[PDB]
Amino acid sequence: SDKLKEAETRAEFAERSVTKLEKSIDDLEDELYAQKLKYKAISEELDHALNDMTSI
Amino acid sequence: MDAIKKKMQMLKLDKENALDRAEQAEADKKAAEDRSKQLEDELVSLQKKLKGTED
């Protein structure tokens, strides 16, 4: 019974830790999505300036 | 970006104004030279008429 309690406690902590890690990776994935949007927008704006200047 | 576009627009406004002024000056030169040459032809005809009167 004592060993079962110990193992259950460690497994519960492991579940909590993996939940925290999954939330953290979600946050960082969202941040990378935002920065990818930033690069898309800046490249699009540079292309717009290029086409405006080449087309006067 | 942002300032680059505005600077390009300034460089284009200068382009349009300079080109328009050049074209207008060229038209002015054409008109003025045509005026001068027609006056010279009138002068020539007057010389010939004077010659006939002298005869």
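Above this note sits the structure.
1. Some remarks on the interface of chain A and chain B
Here is step 1: Listed per partner, the contact involves six residues of chain A and five residues of chain B.
Here is step 2: Where chain A abuts chain B, roughly 600 Å² becomes buried across the two surfaces, and 74% of that area is made up of carbon and sulfur atoms.
Here is step 3: Of all residues in chain A, the largest losses of buried area upon contact with chain B belong to A:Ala49, A:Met53 and A:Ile56, amounting jointly to 62% of the total for that side.
Here is step 4: Of the charged contacts, one joins A:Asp52 and B:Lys5 as a salt bridge, the two residues approaching to 3.1 Å between their closest N and O atoms.

2. Describing the pattern of salt bridges
Residue and element names in this part refer to chain B.
Here is step 1: The tally for this structure, following the rule as stated, stands at five salt bridges over all chains.
Here is step 2: Between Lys12 and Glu16 there is a salt bridge, with the nearest N and O atoms lying 3.6 Å from each other. Linking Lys12 with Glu16, this pair stays in helix α1 (residues 3-54), spanning four residues, or about one helical turn.
Here is step 3: Two residues, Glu54 and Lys51, come together in a salt bridge whose shortest N-O distance is 3.6 Å. You can see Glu54 and its partner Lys51 sitting in helix α1, three residues apart, about one turn around the helix.

3. Some remarks on a nonpolar patch on the surface
Here is step 1: Nonpolar side chains collect at one region of the surface, where A:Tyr39, A:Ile42, A:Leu46, B:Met1 and B:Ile4 lie side by side and expose about 480 Å² of accessible area between them.
Here is step 2: Element by element, the count of residues in the nonpolar patch is highest for helix α1 (residues 2-54) of chain A, at three residues.
Here is step 3: Here B:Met1 lies in the segment before α1.
Here is step 4: Taking relative accessible area as the criterion, B:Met1 reaches 47% and is therefore assigned partly exposed.

4. Structural notes on α1(A)
For the α-helix, the turn length of 3.6 residues means that residues three or four positions removed from each other point alike.
Here is step 1: With 53 residues, α1(A) should cover 78 Å at 1.5 Å per step; its first-to-last C-alpha distance of 78 Å lies within 8% of that length.
Here is step 2: Downstream of α1(A) by one or two residues, A:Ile56 has phi in the positive range, about 60 degrees.

Reading guide: rules and limits
Residues numbered from 1 in each chain as written, not as in the entry; some residues may be left out. Chains lettered and ligands numbered in written order. Part of a larger assembly, values for the part shown. Heavy atoms only, no water. Contact = heavy atoms within 4.5 Å. Buried area = accessible area lost by both parts, 1.4 Å probe. Salt bridge = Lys/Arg side-chain N within 4 Å of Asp/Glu carboxyl O. Helix = DSSP H or I, 4+ residues; strand = E, 2+ residues; numbered from the N terminus. Patch = residues over 30% accessible without salt bridge, like charges linked within 9 Å, V, L, I, M, F, W, Y side chains within 5 Å. Areas by Shrake-Rupley, 256 points an atom, 1.4 Å probe, with all protein chains shown as cover. Buried < 20%, exposed > 50% of the residue type's maximum accessible area, 1.4 Å probe, protein only. Expected span 1.5 Å × (residues − 1).

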